[PDB]
>>> print(open('start37.cif').read())   # mmCIF, C-alpha atoms
data_run
loop_
_atom_site.label_atom_id
_atom_site.label_comp_id
_atom_site.auth_asym_id
_atom_site.auth_seq_id
_atom_site.Cartn_x
_atom_site.Cartn_y
_atom_site.Cartn_z
CA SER A 1 12.10 -45.28 28.71
CA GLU A 2 11.37 -43.78 32.12
CA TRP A 3 7.68 -42.88 32.54
CA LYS A 4 8.88 -39.63 34.10
CA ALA A 5 10.61 -38.77 30.82
CA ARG A 6 7.44 -38.77 28.66
CA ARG A 7 6.08 -35.54 27.15
CA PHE A 8 2.53 -34.91 28.31
CA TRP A 9 2.15 -31.24 27.43
CA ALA A 10 0.50 -29.66 24.43
CA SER A 11 1.91 -26.16 24.33
CA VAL A 12 4.83 -24.24 25.77
CA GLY A 13 4.85 -20.56 26.59
CA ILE A 14 6.63 -17.97 28.73
CA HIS A 15 5.52 -15.35 31.24
CA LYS A 16 6.96 -12.56 33.38
CA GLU A 17 7.55 -12.86 37.13
CA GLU A 18 8.47 -10.81 40.21
CA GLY A 19 12.01 -11.96 39.48
CA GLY A 20 12.68 -12.93 35.87
CA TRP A 21 10.78 -14.93 33.26
CA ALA A 22 9.17 -18.37 33.41
CA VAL A 23 8.57 -21.20 30.93
CA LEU A 24 5.24 -23.00 30.97
CA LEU A 25 4.35 -26.54 29.92
CA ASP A 26 0.65 -25.80 29.39
CA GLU A 27 -0.14 -24.06 32.68
CA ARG A 28 2.57 -25.81 34.65
CA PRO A 29 5.74 -23.73 35.35
CA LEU A 30 9.06 -25.40 34.62
CA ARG A 31 11.14 -26.09 37.71
CA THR A 32 14.83 -26.91 38.08
CA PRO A 33 15.89 -30.53 38.66
CA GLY A 34 16.28 -29.38 42.26
CA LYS A 35 12.60 -28.45 42.53
CA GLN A 36 13.65 -24.80 42.70
CA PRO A 37 11.80 -22.26 40.51
CA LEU A 38 13.30 -21.71 37.06
CA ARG A 39 13.60 -17.94 36.54
CA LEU A 40 15.45 -16.66 33.48
CA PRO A 41 17.02 -13.15 33.28
CA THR A 42 15.73 -12.53 29.74
CA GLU A 43 12.73 -13.22 27.49
CA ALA A 44 15.14 -14.13 24.74
CA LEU A 45 16.43 -17.12 26.78
CA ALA A 46 12.94 -17.97 28.03
CA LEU A 47 11.67 -18.25 24.45
CA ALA A 48 14.73 -20.27 23.47
CA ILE A 49 14.26 -22.70 26.33
CA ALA A 50 10.56 -22.96 25.37
CA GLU A 51 11.57 -24.06 21.86
CA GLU A 52 13.61 -26.87 23.39
CA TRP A 53 10.60 -28.11 25.33
CA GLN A 54 8.26 -27.70 22.34
CA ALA A 55 10.74 -29.77 20.35
CA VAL A 56 10.50 -32.79 22.65
CA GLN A 57 9.07 -35.74 20.75
CA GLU A 58 7.90 -38.72 22.79
CA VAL A 59 10.54 -38.72 25.53
CA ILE A 60 12.73 -35.95 27.00
CA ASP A 61 16.40 -36.06 25.92
CA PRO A 62 18.54 -33.79 28.09
CA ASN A 63 21.32 -33.90 25.50
CA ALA A 64 19.02 -32.02 23.13
CA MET A 65 18.37 -29.30 25.65
CA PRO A 66 21.65 -27.46 26.20
CA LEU A 67 19.99 -24.18 27.21
CA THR A 68 17.87 -25.81 29.88
CA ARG A 69 20.96 -27.60 31.18
CA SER A 70 22.95 -24.35 31.46
CA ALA A 71 20.02 -22.50 33.02
CA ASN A 72 19.79 -25.19 35.70
CA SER A 73 23.53 -24.87 36.35
CA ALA A 74 23.28 -21.08 36.68
CA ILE A 75 20.42 -21.24 39.19
CA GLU A 76 21.65 -24.25 41.11
CA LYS A 77 25.46 -24.11 41.08
CA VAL A 78 26.84 -20.86 39.68
CA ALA A 79 24.58 -18.23 41.30
CA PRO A 80 24.98 -19.77 44.81
CA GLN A 81 28.74 -20.25 44.40
CA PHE A 82 29.50 -17.23 42.25
CA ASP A 83 32.58 -16.27 44.29
CA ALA A 84 34.18 -19.73 44.17
CA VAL A 85 33.40 -20.10 40.45
CA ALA A 86 34.63 -16.65 39.42
CA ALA A 87 37.80 -17.48 41.38
CA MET A 88 38.34 -20.83 39.71
CA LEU A 89 37.91 -19.29 36.26
CA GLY A 90 40.04 -16.29 37.18
CA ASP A 91 42.81 -18.73 38.14
CA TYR A 92 43.31 -19.51 34.47
CA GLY A 93 44.93 -16.13 34.12
CA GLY A 94 48.01 -17.67 35.71
CA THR A 95 48.07 -20.80 33.52
CA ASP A 96 46.67 -19.38 30.30
CA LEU A 97 47.23 -21.37 27.08
CA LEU A 98 48.23 -18.26 25.19
CA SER A 99 51.14 -17.58 27.53
CA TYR A 100 52.90 -20.88 26.77
CA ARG A 101 54.73 -21.16 23.44
CA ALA A 102 56.38 -24.27 21.97
CA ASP A 103 60.17 -24.59 21.75
CA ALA A 104 59.97 -26.30 18.35
CA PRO A 105 59.88 -26.71 15.51
CA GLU A 106 60.20 -23.11 14.35
CA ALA A 107 57.20 -23.33 12.00
CA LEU A 108 55.08 -24.16 15.08
CA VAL A 109 56.44 -21.28 17.13
CA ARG A 110 55.60 -18.84 14.34
CA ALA A 111 52.07 -20.24 13.96
CA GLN A 112 51.32 -19.65 17.64
CA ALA A 113 52.82 -16.16 17.52
CA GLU A 114 50.69 -15.15 14.53
CA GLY A 115 47.42 -16.38 15.99
CA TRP A 116 47.99 -15.54 19.67
CA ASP A 117 50.04 -12.35 19.84
CA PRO A 118 47.01 -10.33 18.66
CA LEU A 119 44.96 -11.69 21.57
CA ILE A 120 47.74 -11.02 24.07
CA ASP A 121 47.85 -7.47 22.59
CA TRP A 122 44.08 -7.14 23.00
CA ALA A 123 44.23 -8.24 26.62
CA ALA A 124 47.05 -5.83 27.40
CA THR A 125 45.03 -3.02 25.76
CA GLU A 126 41.34 -3.67 26.52
CA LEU A 127 41.65 -5.41 29.88
CA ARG A 128 44.93 -3.73 30.86
CA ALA A 129 46.23 -7.24 31.45
CA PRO A 130 49.51 -7.88 29.66
CA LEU A 131 50.52 -11.52 30.25
CA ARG A 132 54.13 -12.75 30.53
CA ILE A 133 54.84 -15.21 27.73
CA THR A 134 57.03 -18.25 28.20
CA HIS A 135 58.67 -20.47 25.63
CA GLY A 136 58.99 -24.05 26.72
CA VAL A 137 58.21 -26.06 29.79
CA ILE A 138 59.47 -23.81 32.61
CA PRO A 139 56.43 -21.65 33.62
CA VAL A 140 56.99 -17.93 34.18
CA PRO A 141 54.84 -16.55 36.99
CA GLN A 142 52.49 -13.70 36.07
CA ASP A 143 52.61 -10.18 37.47
CA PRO A 144 50.46 -10.33 40.64
CA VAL A 145 48.71 -7.08 39.53
CA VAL A 146 47.70 -8.62 36.23
CA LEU A 147 46.14 -11.61 38.02
CA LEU A 148 44.15 -9.21 40.15
CA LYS A 149 43.01 -7.32 37.07
CA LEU A 150 41.82 -10.47 35.28
CA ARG A 151 40.08 -11.96 38.31
CA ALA A 152 38.28 -8.61 38.63
CA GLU A 153 37.01 -8.79 35.05
CA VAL A 154 35.44 -12.15 35.81
CA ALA A 155 33.93 -11.05 39.11
CA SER A 156 32.06 -8.25 37.36
CA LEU A 157 29.82 -10.65 35.44
CA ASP A 158 26.18 -11.50 36.13
CA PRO A 159 25.54 -15.14 37.22
CA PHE A 160 24.11 -16.41 33.96
CA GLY A 161 26.97 -14.67 32.20
CA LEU A 162 29.52 -16.34 34.47
CA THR A 163 27.93 -19.72 33.64
CA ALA A 164 28.38 -19.10 29.91
CA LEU A 165 31.95 -17.96 30.51
CA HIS A 166 32.76 -21.28 32.23
CA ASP A 167 33.25 -23.59 29.25
CA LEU A 168 34.65 -20.83 27.04
CA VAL A 169 37.54 -20.74 29.52
CA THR A 170 38.02 -24.32 30.69
CA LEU A 171 37.64 -26.12 27.34
CA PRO A 172 40.34 -24.17 25.40
CA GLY A 173 42.27 -23.70 28.66
CA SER A 174 42.48 -19.91 28.43
CA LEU A 175 40.90 -17.02 30.28
CA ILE A 176 41.88 -14.57 27.57
CA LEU A 177 40.15 -16.65 24.91
CA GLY A 178 37.06 -16.96 27.09
CA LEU A 179 36.87 -13.22 27.80
CA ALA A 180 37.57 -12.38 24.15
CA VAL A 181 34.47 -14.39 23.15
CA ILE A 182 32.09 -12.71 25.57
CA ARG A 183 33.56 -9.25 24.96
CA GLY A 184 33.03 -9.70 21.24
CA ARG A 185 36.69 -9.72 20.10
CA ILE A 186 36.37 -13.17 18.53
CA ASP A 187 33.56 -15.68 18.27
CA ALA A 188 33.61 -19.24 19.70
CA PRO A 189 34.59 -21.05 16.54
CA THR A 190 37.62 -18.72 16.23
CA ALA A 191 38.54 -19.21 19.91
CA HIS A 192 38.41 -22.95 19.27
CA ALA A 193 40.65 -22.74 16.18
CA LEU A 194 43.14 -20.51 17.98
CA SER A 195 43.39 -22.95 20.85
CA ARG A 196 44.29 -25.81 18.58
CA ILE A 197 47.06 -24.17 16.53
CA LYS A 198 49.53 -26.71 17.90
CA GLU A 199 47.17 -29.68 17.51
CA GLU A 200 46.31 -28.64 13.96
CA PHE A 201 49.94 -27.98 13.11
CA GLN A 202 51.05 -31.43 14.32
CA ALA A 203 48.15 -33.15 12.54
CA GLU A 204 49.03 -31.54 9.22
CA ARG A 205 52.69 -32.53 9.58
CA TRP A 206 52.59 -35.91 11.22
CA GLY A 207 49.08 -37.28 10.71
CA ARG A 208 45.53 -36.83 12.05
CA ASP A 209 44.57 -38.45 15.36
CA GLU A 210 40.92 -39.63 15.21
CA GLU A 211 40.37 -39.58 18.95
CA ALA A 212 41.83 -36.08 19.26
CA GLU A 213 39.62 -34.89 16.41
CA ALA A 214 36.54 -36.41 18.09
CA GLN A 215 37.45 -34.65 21.36
CA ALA A 216 38.07 -31.35 19.51
CA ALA A 217 34.67 -31.59 17.79
CA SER A 218 33.05 -32.07 21.21
CA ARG A 219 34.85 -29.05 22.71
CA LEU A 220 33.80 -26.90 19.72
CA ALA A 221 30.09 -27.85 20.10
CA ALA A 222 30.19 -27.13 23.84
CA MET A 223 31.89 -23.78 23.20
CA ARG A 224 29.20 -22.87 20.67
CA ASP A 225 26.55 -23.81 23.31
CA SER A 226 28.18 -21.49 25.88
CA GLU A 227 28.39 -18.67 23.38
CA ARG A 228 24.69 -19.02 22.50
CA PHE A 229 23.84 -18.99 26.20
CA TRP A 230 25.87 -15.82 26.72
CA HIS A 231 24.15 -13.94 23.88
CA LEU A 232 20.67 -15.12 24.88
CA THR A 233 21.21 -13.84 28.39
CA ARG A 234 22.18 -10.30 27.44
#
>>> encode(input="start37.cif", output="structure tokens")
Amino acid sequence: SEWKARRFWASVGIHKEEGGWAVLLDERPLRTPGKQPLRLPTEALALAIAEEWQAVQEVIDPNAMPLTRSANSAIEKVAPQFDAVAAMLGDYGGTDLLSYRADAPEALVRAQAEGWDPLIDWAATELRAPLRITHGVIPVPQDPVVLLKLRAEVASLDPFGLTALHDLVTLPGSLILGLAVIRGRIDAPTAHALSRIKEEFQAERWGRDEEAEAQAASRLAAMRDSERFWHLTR
């Protein structure tokens, strides 16, 4: 309803810049909520963000503009705090979902093994990061050298790329799943399905939980948004 939310522009285009691309609402350059200049690493993302602004009807709906939202985060929070963010994501290497297997029932333990072992194998091979796997509640600490190797893989990403990595790691609760998505080993819908092997297994055996399903659907959409953002920024 806010007057400030009303669309007043006719066309939306893009244009180069001394440092990245820009999106234009008529002749007026798009700025970040923080008044800072919005510069995008690629034309692909610029054009995609322009479609979001061309799609505005009467009033701006931020929920409908996931790319703009992530671009703002990259410029405003991730680029300036790259080191602290790469560290926080890297930390998941020591509490990775794939390293914790159920104790029971057996059919669940086998399900996890079949879906996850291949990803643990990939991480040991491609990232030279074999994780220690635990069964049950008592956490096994990871090899300090492996944690250094995984944190280093994260640190080597560009800022926009680190921003996309964020949700791919935190939502499923796994750094391996997040890196597998951006490295092209699996896509986001597969990463999502692998993370919920236990949830899916229990639902099929003991009954669906509507709230859990709603929350899972939300995580999947956010993971697909992060994946899109990663590809657009390459």
>>> atom_distance(input="start37.cif", atom1="CA of residue 155 in chain A", atom2="CA of residue 35 in chain A")
27.7 Å
>>> residues_near_point(input="start37.cif", point="(38.8, -15.9, 46.4)", cutoff="12 Å", atoms="only C-alpha atoms", output="short mmCIF file (atom, residue, chain, number, x, y, z; two decimals) with C-alpha atoms, in the frame of the given file")
data_model
loop_
_atom_site.label_atom_id
_atom_site.label_comp_id
_atom_site.auth_asym_id
_atom_site.auth_seq_id
_atom_site.Cartn_x
_atom_site.Cartn_y
_atom_site.Cartn_z
CA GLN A 81 28.74 -20.25 44.40
CA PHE A 82 29.50 -17.23 42.25
CA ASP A 83 32.58 -16.27 44.29
CA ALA A 84 34.18 -19.73 44.17
CA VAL A 85 33.40 -20.10 40.45
CA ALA A 86 34.63 -16.65 39.42
CA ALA A 87 37.80 -17.48 41.38
CA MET A 88 38.34 -20.83 39.71
CA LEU A 89 37.91 -19.29 36.26
CA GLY A 90 40.04 -16.29 37.18
CA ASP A 91 42.81 -18.73 38.14
CA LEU A 147 46.14 -11.61 38.02
CA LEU A 148 44.15 -9.21 40.15
CA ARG A 151 40.08 -11.96 38.31
CA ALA A 152 38.28 -8.61 38.63
CA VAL A 154 35.44 -12.15 35.81
CA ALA A 155 33.93 -11.05 39.11
#
>>> residues_around(input="start37.cif", residues="residue 121 in chain A", least_positions_apart="5", cutoff="12 Å", atoms="all atoms listed in the file", output="short mmCIF file (atom, residue, chain, number, x, y, z; two decimals) with C-alpha atoms, in the coordinates of the input")
data_model
loop_
_atom_site.label_atom_id
_atom_site.label_comp_id
_atom_site.auth_asym_id
_atom_site.auth_seq_id
_atom_site.Cartn_x
_atom_site.Cartn_y
_atom_site.Cartn_z
CA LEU A 98 48.23 -18.26 25.19
CA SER A 99 51.14 -17.58 27.53
CA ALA A 113 52.82 -16.16 17.52
CA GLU A 114 50.69 -15.15 14.53
CA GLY A 115 47.42 -16.38 15.99
CA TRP A 116 47.99 -15.54 19.67
CA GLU A 126 41.34 -3.67 26.52
CA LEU A 127 41.65 -5.41 29.88
CA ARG A 128 44.93 -3.73 30.86
CA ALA A 129 46.23 -7.24 31.45
CA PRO A 130 49.51 -7.88 29.66
CA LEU A 131 50.52 -11.52 30.25
CA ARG A 132 54.13 -12.75 30.53
CA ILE A 133 54.84 -15.21 27.73
CA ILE A 176 41.88 -14.57 27.57
CA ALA A 180 37.57 -12.38 24.15
CA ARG A 185 36.69 -9.72 20.10
#
>>> closest_residue(input="start37.cif", among="A:223, A:107, A:25, A:97", to="residue 55 in chain A", atoms="only C-alpha atoms")
A:25
>>> atom_distance(input="start37.cif", atom1="CA of residue 27 in chain A", atom2="CA of residue 58 in chain A")
19.4 Å
>>> atom_distance(input="start37.cif", atom1="CA of residue 233 in chain A", atom2="CA of residue 21 in chain A")
11.6 Å
>>> residues_around(input="start37.cif", residues="residue 177 in chain A", least_positions_apart="2", cutoff="12 Å", atoms="all atoms listed in the file", output="ChimeraX atom specification")
/A:89,92-93,96-99,115-120,122-123,165-175,179-196,223
>>> closest_residue(input="start37.cif", among="A:161, A:144, A:105, A:80", to="residue 201 in chain A", atoms="all atoms listed in the file")
A:105
>>> resolve_selection(input="start37.cif", expression="the PyMOL selection byres ((chain A and resi 226) around 9)", output="PDB file with C-alpha atoms, in the coordinates of the input")
ATOM      1  CA  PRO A  66      21.650 -27.460  26.200  1.00  0.00           C
ATOM      2  CA  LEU A  67      19.990 -24.180  27.210  1.00  0.00           C
ATOM      3  CA  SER A  70      22.950 -24.350  31.460  1.00  0.00           C
ATOM      4  CA  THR A 163      27.930 -19.720  33.640  1.00  0.00           C
ATOM      5  CA  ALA A 164      28.380 -19.100  29.910  1.00  0.00           C
ATOM      6  CA  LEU A 165      31.950 -17.960  30.510  1.00  0.00           C
ATOM      7  CA  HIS A 166      32.760 -21.280  32.230  1.00  0.00           C
ATOM      8  CA  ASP A 167      33.250 -23.590  29.250  1.00  0.00           C
ATOM      9  CA  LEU A 168      34.650 -20.830  27.040  1.00  0.00           C
ATOM     10  CA  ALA A 188      33.610 -19.240  19.700  1.00  0.00           C
ATOM     11  CA  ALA A 221      30.090 -27.850  20.100  1.00  0.00           C
ATOM     12  CA  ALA A 222      30.190 -27.130  23.840  1.00  0.00           C
ATOM     13  CA  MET A 223      31.890 -23.780  23.200  1.00  0.00           C
ATOM     14  CA  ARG A 224      29.200 -22.870  20.670  1.00  0.00           C
ATOM     15  CA  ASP A 225      26.550 -23.810  23.310  1.00  0.00           C
ATOM     16  CA  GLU A 227      28.390 -18.670  23.380  1.00  0.00           C
ATOM     17  CA  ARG A 228      24.690 -19.020  22.500  1.00  0.00           C
ATOM     18  CA  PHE A 229      23.840 -18.990  26.200  1.00  0.00           C
ATOM     19  CA  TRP A 230      25.870 -15.820  26.720  1.00  0.00           C
ATOM     20  CA  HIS A 231      24.150 -13.940  23.880  1.00  0.00           C
TER      21      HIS A 231
END
>>> resolve_selection(input="start37.cif", expression="the PyMOL selection byres ((chain A and resi 1) around 10)", output="list in words")
residues 2, 3, 4, 5, 6, 58, 59 and 60 of chain A
>>> residues_near_point(input="start37.cif", point="(11.5, -19.2, 35.0)", cutoff="6 Å", atoms="all atoms listed in the file", output="ChimeraX atom specification")
/A:21-23,38-40
>>> closest_residue(input="start37.cif", among="A:124, A:108, A:12, A:75", to="residue 37 in chain A", atoms="only C-alpha atoms")
A:75
>>> decode(input="start37.cif", residues="range 211-231 of chain A", atoms="N, CA and C atoms", output="PDB file, in the first residue's frame")
ATOM      1  N   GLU A 211       2.995 -29.918   8.782  1.00  0.00           N
ATOM      2  CA  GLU A 211       3.871 -28.803   9.052  1.00  0.00           C
ATOM      3  C   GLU A 211       5.257 -29.062   8.490  1.00  0.00           C
ATOM      4  N   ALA A 212       5.778 -30.257   8.734  1.00  0.00           N
ATOM      5  CA  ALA A 212       7.096 -30.652   8.232  1.00  0.00           C
ATOM      6  C   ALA A 212       7.143 -30.567   6.714  1.00  0.00           C
ATOM      7  N   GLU A 213       6.080 -31.020   6.056  1.00  0.00           N
ATOM      8  CA  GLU A 213       6.011 -30.965   4.602  1.00  0.00           C
ATOM      9  C   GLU A 213       6.003 -29.511   4.116  1.00  0.00           C
ATOM     10  N   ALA A 214       5.276 -28.648   4.812  1.00  0.00           N
ATOM     11  CA  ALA A 214       5.229 -27.230   4.447  1.00  0.00           C
ATOM     12  C   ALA A 214       6.643 -26.649   4.559  1.00  0.00           C
ATOM     13  N   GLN A 215       7.317 -26.936   5.680  1.00  0.00           N
ATOM     14  CA  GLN A 215       8.681 -26.445   5.889  1.00  0.00           C
ATOM     15  C   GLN A 215       9.640 -27.010   4.840  1.00  0.00           C
ATOM     16  N   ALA A 216       9.503 -28.292   4.500  1.00  0.00           N
ATOM     17  CA  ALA A 216      10.348 -28.883   3.448  1.00  0.00           C
ATOM     18  C   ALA A 216      10.118 -28.186   2.093  1.00  0.00           C
ATOM     19  N   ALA A 217       8.867 -27.913   1.754  1.00  0.00           N
ATOM     20  CA  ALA A 217       8.563 -27.249   0.491  1.00  0.00           C
ATOM     21  C   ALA A 217       9.225 -25.891   0.432  1.00  0.00           C
ATOM     22  N   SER A 218       9.243 -25.185   1.567  1.00  0.00           N
ATOM     23  CA  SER A 218       9.877 -23.864   1.658  1.00  0.00           C
ATOM     24  C   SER A 218      11.399 -23.967   1.471  1.00  0.00           C
ATOM     25  N   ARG A 219      12.014 -24.945   2.135  1.00  0.00           N
ATOM     26  CA  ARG A 219      13.462 -25.133   1.978  1.00  0.00           C
ATOM     27  C   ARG A 219      13.792 -25.448   0.508  1.00  0.00           C
ATOM     28  N   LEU A 220      13.011 -26.333  -0.112  1.00  0.00           N
ATOM     29  CA  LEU A 220      13.266 -26.669  -1.523  1.00  0.00           C
ATOM     30  C   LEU A 220      13.199 -25.407  -2.426  1.00  0.00           C
ATOM     31  N   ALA A 221      12.181 -24.564  -2.258  1.00  0.00           N
ATOM     32  CA  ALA A 221      12.081 -23.366  -3.107  1.00  0.00           C
ATOM     33  C   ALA A 221      13.263 -22.436  -2.880  1.00  0.00           C
ATOM     34  N   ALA A 222      13.695 -22.292  -1.628  1.00  0.00           N
ATOM     35  CA  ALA A 222      14.832 -21.414  -1.341  1.00  0.00           C
ATOM     36  C   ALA A 222      16.126 -22.003  -1.929  1.00  0.00           C
ATOM     37  N   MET A 223      16.250 -23.330  -1.890  1.00  0.00           N
ATOM     38  CA  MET A 223      17.431 -23.972  -2.464  1.00  0.00           C
ATOM     39  C   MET A 223      17.403 -23.788  -3.972  1.00  0.00           C
ATOM     40  N   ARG A 224      16.231 -23.888  -4.600  1.00  0.00           N
ATOM     41  CA  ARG A 224      16.215 -23.657  -6.052  1.00  0.00           C
ATOM     42  C   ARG A 224      16.557 -22.178  -6.360  1.00  0.00           C
ATOM     43  N   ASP A 225      16.188 -21.238  -5.482  1.00  0.00           N
ATOM     44  CA  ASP A 225      16.530 -19.828  -5.718  1.00  0.00           C
ATOM     45  C   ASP A 225      18.048 -19.617  -5.658  1.00  0.00           C
ATOM     46  N   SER A 226      18.695 -20.267  -4.692  1.00  0.00           N
ATOM     47  CA  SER A 226      20.145 -20.158  -4.520  1.00  0.00           C
ATOM     48  C   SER A 226      20.880 -20.753  -5.703  1.00  0.00           C
ATOM     49  N   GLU A 227      20.380 -21.874  -6.188  1.00  0.00           N
ATOM     50  CA  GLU A 227      20.990 -22.537  -7.324  1.00  0.00           C
ATOM     51  C   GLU A 227      20.890 -21.630  -8.557  1.00  0.00           C
ATOM     52  N   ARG A 228      19.721 -21.045  -8.793  1.00  0.00           N
ATOM     53  CA  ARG A 228      19.549 -20.148  -9.932  1.00  0.00           C
ATOM     54  C   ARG A 228      20.562 -19.007  -9.814  1.00  0.00           C
ATOM     55  N   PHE A 229      20.662 -18.435  -8.618  1.00  0.00           N
ATOM     56  CA  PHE A 229      21.564 -17.316  -8.408  1.00  0.00           C
ATOM     57  C   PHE A 229      23.012 -17.718  -8.701  1.00  0.00           C
ATOM     58  N   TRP A 230      23.379 -18.932  -8.313  1.00  0.00           N
ATOM     59  CA  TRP A 230      24.747 -19.387  -8.580  1.00  0.00           C
ATOM     60  C   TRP A 230      24.969 -19.479 -10.092  1.00  0.00           C
ATOM     61  N   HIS A 231      24.069 -20.123 -10.823  1.00  0.00           N
ATOM     62  CA  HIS A 231      24.297 -20.246 -12.266  1.00  0.00           C
ATOM     63  C   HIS A 231      24.302 -18.908 -12.992  1.00  0.00           C
TER      64      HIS A 231
END
